[PDB]
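These values consider heavy atoms only, across backbone and side chains, with no hydrogens, waters or symmetry-generated copies. All residue numbers refer to positions in the sequence shown, counting from 1. Each ligand, and each atom within it, is numbered from 1 in the order the structure gives.
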Amino acid sequence: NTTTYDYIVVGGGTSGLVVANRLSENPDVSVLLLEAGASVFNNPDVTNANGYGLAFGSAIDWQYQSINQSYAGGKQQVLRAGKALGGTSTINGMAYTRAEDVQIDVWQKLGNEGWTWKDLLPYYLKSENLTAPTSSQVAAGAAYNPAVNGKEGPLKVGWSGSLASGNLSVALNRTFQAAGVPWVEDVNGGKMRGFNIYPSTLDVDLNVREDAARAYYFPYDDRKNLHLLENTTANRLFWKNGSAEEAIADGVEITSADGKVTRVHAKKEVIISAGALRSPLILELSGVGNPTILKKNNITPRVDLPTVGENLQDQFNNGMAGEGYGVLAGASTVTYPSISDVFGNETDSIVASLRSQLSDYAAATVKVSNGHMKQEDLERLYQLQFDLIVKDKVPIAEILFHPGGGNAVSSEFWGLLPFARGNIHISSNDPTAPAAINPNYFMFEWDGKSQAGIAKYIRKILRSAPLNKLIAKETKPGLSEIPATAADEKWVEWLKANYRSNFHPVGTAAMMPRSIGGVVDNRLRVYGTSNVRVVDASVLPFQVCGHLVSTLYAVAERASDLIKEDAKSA
Ligand SMILES: Cc1cc2c(cc1C)N(C[C@H](O)[C@H](O)[C@H](O)COP(=O)(O)OP(=O)(O)OC[C@H]1O[C@@H](n3cnc4c(N)ncnc43)[C@H](O)[C@@H]1O)c1[nH]c(=O)[nH]c(=O)c1N2
């Protein structure tokens, strides 16, 4: 009847809008989107291509709070997320970069059939429409490889209309030679190491931010089989009652803006796309998760899957600055250094120490999931990551350099692959209550040591020629606070005191085999259910090197094909 649809997609965000778009391509399938926020079509702080940061702390920022971070000096961290049609794509930094090919290949090696770079690449392309650079932008260093960028996809990608060459970016380009990191034409072809003028998620015909709604929703909102409920919060799924021990989702419980708490039903499937900080909570509230936590919070267990909310992996981000003799200008540049780029002469002794620590990191992570992940299993997971870092020389850092205003040069930077793992769990069965989110930042020695290594490497870049002729001094942290010959620990103290979340959480409904603590299968179906999937950052089993939206769009495009395929029987 009147609350029944074929599919229900929970969360009209980065990933959810893809799935809703693709599923509604079949004009005889009905799709309901549920979104807690609303349209931001006309929110200027979203729409503004130069508006990054403006929306922080507003009504469209969930502004989730972590617990005290006991490995990082005790402070709680704000974890930002978009509450809006388009989700976190509405408030993010707009950077478009993907992942290392061999790091996606690891997903299949781990036991997830069909997930490799070769499998995913067509779906990156399918999502994308890249606008080639103008002359001004080419002189500023903009480039791309036509073979790895799409031209028909919903997500417009391009460079700023204001991009121009300037003394800072020109000097940086040459100074990177001294540092040993080559220029590359396109970081998005599976090999990310180098430095590059990366494109952004931007509509250059409007000069607006290209969020997921501008891409996958508004051009398609004429489809009468695609339905949207804004200001509508999904609280939990409910189930079909009947002695199928395997759980069949019947629908979703929802709260509307003006108070009505009701149900909507799905004839085929329910797709959960609320993000890595909410999808696992929705599962827990629906009885899918750790039965000890569920029972404690007065929820009946429906599926005993105790790693829902576990294996949370995030990065942390720090910032450095210097000051020119005069005004610094030009492009914003990304660098993706490997372990040997960052540590140079000392790489092999750094690698040996790391090697010698893996089993201890694994032993220590066991207690985080109260023994639900076994030591053996964490050792094998950490070995896959170690082998990427060292054997395959994937990038271990992102470093952004940009003009900071007038005299200023600013660098933002993060380690890509820390080993720390945490979790997120409901604090009660009230959907409106804040979860306990613990990413465990700085838990393991590598996580801090690598960040300090990156900082030391930036400091050296700023002092290298020809860039050094432009730069009078370092202003942050500056030599007074952290002297030129300072030890790793001196850096780690400062970085701990000054870090923020990089807002890249993954893993909270991980796609791995159930036997090593997976929550979803290789077709993104929740274990123990017939017809529930998770399609968002929750399912990435490991961190990726680049900025998340590109990979999340690709995963949602591929997921969509799998869902369609599965329907051509049932
Ligand atoms: C400040 C900042 C800056 C950056 C980034 C993040 C942040 C916070 N990122 C990361 C990237 O933007 C992010 O990982 C993805 O947008 C996440 O997409 P998801 O689909 O997983 O969740 P996303 O958060 O997009 O979608 C979840 C949706 O579910 C909704 N929702 C949640 N709970 C619900 C409920 N119970 N009921 C109904 N709806 C619900 C939310 O409101 C939201 O619309 C980024 N990436 C990048 O590629 N380039 C960049 O430059 C940056 N920079």
Testing the 3.5 Å rule here: is there a donor-acceptor pair between the side chains of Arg500 and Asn317? yes
Is a donor from one side chain sitting under 3.5 angstrom from an acceptor on the other, for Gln543 and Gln313? no
Have a look at ligand 1 and work out which part of [X], if any, has a heavy atom under 4.0 Å from it: side chain, backbone, both or neither.
X: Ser89; result: backbone
X: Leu552; result: side chain
X: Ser538; result: neither
X: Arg278; result: side chain
X: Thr201; result: neither

Walk me through it: do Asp536 and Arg278 pass the test salt bridge (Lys or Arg N to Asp or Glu O under 4.0 Å)? CA-CA 10 Å; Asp536 63 21; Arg278 287 304 278 279; over 6 Å; no
In the structure I gave you, are the side-chain heavy atoms of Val506 and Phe542 within less than 4.5 Å of one another anywhere? no
Atom 34 (C) of ligand 1: the protein heavy-atom neighbour that sits closest, reported with distance to 0.1 Å: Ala274 CB, 4.0 Å
Considering heavy atoms of the protein only, find what lies nearest to atom 45 (C) of ligand 1 and give residue, atom and distance to 0.1 Å. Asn92 ND2, 3.6 Å
Nearest-option assignment for [atom], heavy atoms, candidates [options]:
atom: atom 41 (C) of ligand 1; options: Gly275, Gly37, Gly82, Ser279; answer: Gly82
atom: atom 49 (N) of ligand 1; options: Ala95, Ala84, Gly11; answer: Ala95
atom: atom 6 (C) of ligand 1; options: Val535, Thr88, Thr14, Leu34; answer: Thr88

Would the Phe442 and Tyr499 ring centres measure less than 6.0 Å apart? yes
Counting only heavy atoms from other residues, nucleotides and ligands, does the tally under 6.0 Å from CZ of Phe41 exceed 12? no
Between the side chains of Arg523 and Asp566, is the shortest nitrogen-to-carboxylate-oxygen separation below 4.0 Å, so that they form an ion pair? yes
